[PDB]
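Shown next as structure tokens: one chain only, the form deposited in one PDB entry.
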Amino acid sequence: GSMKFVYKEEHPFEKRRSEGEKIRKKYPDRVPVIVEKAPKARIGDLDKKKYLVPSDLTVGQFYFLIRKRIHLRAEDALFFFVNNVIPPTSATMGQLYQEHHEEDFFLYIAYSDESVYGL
């Protein structure tokens, strides 16, 4: 592993957890996501990080939504990196959560302008 975070890193466990354990209970179809702008990424840095996206939302959909947050067109480059890996466009946000939720009932992710975790 070699991922760098600040919002998802700063927000204590009791926080990322408190929010998650609630967003999960309150929203069974949604998944608390902590998107991030991978290091060295040739894209704009995000100050939101938090994302309340559904659970059926495919990676392809999630992208298009983040692309705007960074100002990228479908043609533009933008790759998601969770736990330092790239999720399948066919996979659903809900899956990434259950398959990459780093505890705290949260799901943190990254995005770079390359096929590598920004770096």
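So that there is no doubt, residue numbering starts at 1 and follows the sequence shown.
As for the form solved in complex with a partner chain, it is not shown, yet the points below apply to it.
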message: With the partner left out here, check for me: in the deposited bound form, does some heavy atom of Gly94 sit within 4.5 Å of its partner chain?
response: no
Is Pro54 part of the interface with its partner chain in the deposited bound form - any heavy atom within 4.5 Å? yes
Proximity of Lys15 to its partner chain in the deposited bound form, heavy atoms at 4.5 Å:
yes
Contact of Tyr7 with its partner chain in the deposited bound form (heavy atom, 4.5 Å): yes
